[PDB]
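Letter by letter, the sequence shown follows residues 62 to 168 of our numbering.
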Amino acid sequence: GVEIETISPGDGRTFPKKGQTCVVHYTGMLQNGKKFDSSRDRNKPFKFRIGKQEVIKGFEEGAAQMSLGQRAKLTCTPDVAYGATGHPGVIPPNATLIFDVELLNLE
């Protein structure tokens with residue numbers, strides 16, 4: 062389940078497609094919890110592409126449902142990312158994740 066609540070401004074039409082490299086200012090937040098990951102810290106805003114399953118499924122479907130300049134707010138279900146397994150020391154099992162995602166991409 063990918064739920065999008067867009068902070069409005071952008072263009073709403075430049076949609077990310079397969080074979081396109083995109084740049085995302087992400088910041089992870091735990092539900093009823095603190096931060097765990099932030100692209101604001103290292104200031105290298107994580108160049109990546111679409112079509113290789115490099116990211117998790119909850120973040121991947123959130124990438125295609127956005128456009129340039131937009132600011133979304135993800136809500137990742139446990140079963141698509143880590144809920145059965147849990148990322149060791151960083152994500153406990155059966156965890157629901159919140160991401161602050163802004164898409165300022167290229168290509």
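Just so you know, even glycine gets a beta-carbon here, dropped at the ideal spot from N, CA and C.
Reduced DSSP secondary structure (H/G/I, E/B, other) of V162:
Counted from its first residue, the sequence shown places residue 162 at position 101. Looking at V162 - three-state DSSP - the assignment turns out to be strand.
Nearest CA to the CA of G144: which residue from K96, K134, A156 and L135?
Here residue 144 refers to the residue found at position 83 of the sequence shown. Out of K96, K134, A156 and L135, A156 has the C-alpha closest to the C-alpha of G144.
Do three or more CB pairs link the segment 115–131 to the segment 98–105 at distances below 8 Å?
no
On the criterion of 16 or more Cβ atoms from any shown chain inside 10 Å, does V151 qualify as buried, or is it exposed?
Residue mapping note: residue 151 aligns to position 90 of the sequence shown, counting from 1. Burial call: exposed.
Name the residue from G130, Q81 and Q114 whose alpha carbon lies nearest to the alpha carbon of residue 7.
Residue 7 lies beyond the residue range present for the chain, which begins at 62 and ends at 168; the question has no answer from this structure.
Given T75, which residues of its chain have a CB within under 7 Å of its CB, disregarding the five upstream and five downstream residues?
For the purposes of this step, residue 75 is identified with residue 14 of the sequence shown, where counting begins at 1. In the same chain as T75, and ignoring 5 residues on each side of it, the C-beta atoms closer than 7 Å to its own belong to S128 and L129, in chain order.
Work out the CA separation of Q92 and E66 for me, nearest whole Å.
Taking the sequence shown and counting its residues from 1, one reaches residue 66 at position 5. Taking the sequence shown and counting its residues from 1, one reaches residue 92 at position 31. For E66 and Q92, the distance between alpha carbons rounds to 16 Å.
Between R132, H86 and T88, which lies nearest to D72 when the distance is taken from Cα to Cα?
Numbered from its first residue, the sequence shown carries residue 72 at position 11. Of the candidates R132, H86 and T88, the one whose C-alpha sits nearest the C-alpha of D72 is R132.
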